[PDB]
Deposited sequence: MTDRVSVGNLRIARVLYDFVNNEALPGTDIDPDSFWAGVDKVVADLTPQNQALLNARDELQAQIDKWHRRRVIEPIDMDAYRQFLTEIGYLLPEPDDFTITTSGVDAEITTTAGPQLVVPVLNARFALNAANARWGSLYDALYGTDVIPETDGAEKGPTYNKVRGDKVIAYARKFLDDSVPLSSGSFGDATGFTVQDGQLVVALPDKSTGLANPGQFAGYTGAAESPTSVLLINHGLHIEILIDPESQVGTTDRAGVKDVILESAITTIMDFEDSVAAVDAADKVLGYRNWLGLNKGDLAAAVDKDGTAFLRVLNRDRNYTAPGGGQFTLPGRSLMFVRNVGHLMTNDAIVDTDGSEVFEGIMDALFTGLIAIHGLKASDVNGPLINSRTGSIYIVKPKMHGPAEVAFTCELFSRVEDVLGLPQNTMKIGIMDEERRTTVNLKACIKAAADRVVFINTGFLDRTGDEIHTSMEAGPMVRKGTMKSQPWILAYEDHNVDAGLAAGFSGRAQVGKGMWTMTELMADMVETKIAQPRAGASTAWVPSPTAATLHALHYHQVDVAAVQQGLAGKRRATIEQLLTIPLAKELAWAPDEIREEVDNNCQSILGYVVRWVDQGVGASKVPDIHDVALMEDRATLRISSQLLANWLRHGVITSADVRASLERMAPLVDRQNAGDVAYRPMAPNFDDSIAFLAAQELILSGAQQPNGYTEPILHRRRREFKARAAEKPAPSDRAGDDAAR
């Protein structure tokens, strides 16, 4: 065929060529040695990879049987826990330890703030995310509902001064709250000067300095009329841009044009659940963008490029620089899937996670070298890889061994390849300390991946009985315990000042007032970072890190244990007679709509993340984990007789045209209705639900990938 032979491997040519021509030059890695390394690591680690996947299946079969064999109404927690221990699911917790991970950048070890996640196959989005380190607070306030569109203050086609004024006043208050003046308010400022290394703020009847002069980090322009003033609070920078010759500056009492906030200080470039990549061509598109980001030369159509560092004058008068870019992680795929980018002599596809480590690892070397500017990414010499969907410490150890072996192939120092552990599978949750210990010399974060975690929750106890509704899951005892337990594990392992303790995505992209009002819970909970779906939401979530002293919050949580194993293990079973018929129908429609809405963009257009209108037309930006949840929940309800297979069909058929109409503003869209059996997307949605109970841990990829490939093939013939 078209493939390249390397040992027992047959490498898709598009991949072979990309690596030889694009990825390898400049890494000083001998191309032949590299490919021999690929062959050898794949040969050596494939059996253990398959062994771990089989173990998941066996543990799940035993749990299914445990539930099927009993008919008591309340779960005997003591017996359940004993059983889980006996089968090797719940492992002993190791003695206290402190992570030793080193060579990590300050953005990760020290700085608390928002973290962006973006699909790596979308070059423009990736570039926007990387540039989102600094963002306009005025743009974020004016452009969203954080400033209400009440009478007189609504967005028009052109600039509304009443709205602009609300924006200005909101930000003045932020300034008062974050970097307080000794006396008076920023709301009454008339100017800013730097005198003998001190920030002086002019008021009407007097002048004043900062309550804490140390929050003054610098400025631009002349000290006697700066163009901007740089502040710092809780390690995050705040920049006041001064220019009366600007749209809003002319209206402003101190000539202030904008307030820029340091926002997304880290960004995860995603190869997993926000992208649709099912063959060699898709992986190469992803790898090519990852390469462009690391070499610093990625450029997208509508011409977008990466930002340079930002130049400042220190308070004393000396010069310095700050990073202009969000520090990048890459999220590899997990241990499950294979991909035909490489097959063996049998035609057997190679594990995609192994490939990701080799290739995203190889590619990240460019981020440690000069960009033809200074190097793009890690100044401390680390490569940062988020690893999703791991179950238990053995799976964590395997990943670490994979990274070690890749480090050899790449001629990299051991432990160069750091690991962001997603805690989004129940067997990881209940063995979290052990998972951290397995990666104690590589771990740079843990994060509560809650949509996925809920999917795993449902699949794991699928045989136990009907689960509560999807909307109910977010407030269930198990998940609230999971959230605290994650923080507790991290802090006890010494994450404070060493590694990120992260929480999940705000998915409601247009509900920013709600985000600002409520997402503050996450840093109040001791999280040094949390996920936001866009640069705009990053700028807004930043506010939370100014109001909350995360470092202090973490210090106060030290040595506390706020969740028991019993709480973690509390299965979200719905109570008897929980739902009226109408509520059941709502929930079915809800879930069928969320499956159809997402699947149709995935299968038809290879889009894995977008603003998808939900059943109530609320814009949600969710990755593939939303599919895992909805399909598992419906499968759970079908399994326990809450709904019939005709209910599912009727809902699918009822919701399909609604999704069709929701996609009206898209020229590439093909209506699913009314020829359902001719729509691969519709059939994919159906299959995910009807085959849901039989998918390993409820994973949707084997079905989704097959259907997407099916669509790709039909579109060519």
item	value
Non-modelled portions of the deposited polymer sequence, in sequence order	1, 304-310, 381-382, 728-741
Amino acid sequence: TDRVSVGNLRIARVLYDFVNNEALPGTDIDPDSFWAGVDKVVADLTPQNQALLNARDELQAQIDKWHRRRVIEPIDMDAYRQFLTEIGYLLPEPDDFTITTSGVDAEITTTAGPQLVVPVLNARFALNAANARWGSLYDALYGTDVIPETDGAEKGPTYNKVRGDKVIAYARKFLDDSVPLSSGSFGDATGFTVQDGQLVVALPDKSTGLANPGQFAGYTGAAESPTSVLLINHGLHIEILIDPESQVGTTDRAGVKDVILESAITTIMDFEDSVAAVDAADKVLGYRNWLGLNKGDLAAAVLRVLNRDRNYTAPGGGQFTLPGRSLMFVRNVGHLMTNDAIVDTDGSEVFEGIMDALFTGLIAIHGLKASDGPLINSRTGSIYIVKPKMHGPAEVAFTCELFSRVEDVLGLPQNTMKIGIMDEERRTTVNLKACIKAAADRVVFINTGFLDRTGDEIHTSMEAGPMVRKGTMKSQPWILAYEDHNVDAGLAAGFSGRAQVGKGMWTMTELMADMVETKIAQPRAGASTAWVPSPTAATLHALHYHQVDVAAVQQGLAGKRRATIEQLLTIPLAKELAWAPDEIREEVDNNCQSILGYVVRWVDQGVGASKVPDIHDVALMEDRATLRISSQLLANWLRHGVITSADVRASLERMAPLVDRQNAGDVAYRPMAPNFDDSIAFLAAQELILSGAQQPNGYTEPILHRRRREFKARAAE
From here on, numbers count along this sequence of modelled residues.
property: Third-or-more of other entries without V667; result: yes
property: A438 not built in a third or more of the other entries; result: no
property: Comparing 228-236 with 382-390, the one whose average Cα B-factor in the PDB entry is higher; result: 228-236
property: Residue stretch of maximal mean CA temperature factor, 178-186 vs 476-484; result: 178-186
property: Most elevated Cα B-factor in the entry, residues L638, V201, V553, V278; result: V201
property: Top Cα B factor in the deposited entry, candidates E510, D423, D309, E395; result: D309
property: Entry-reported Cα temperature factor of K470, expressed as the chain third it lands in; result: middle
property: Among modelled residues of the same chain, the CA temperature factor third for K283; result: lowest
property: B-factor third for the C-alpha atom of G497 within its chain; result: middle
property: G692 by Cα B-factor - lowest, middle or highest third of the modelled chain; result: lowest
property: Where the record places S5 (Cα B-factor, split into thirds across the chain); result: lowest
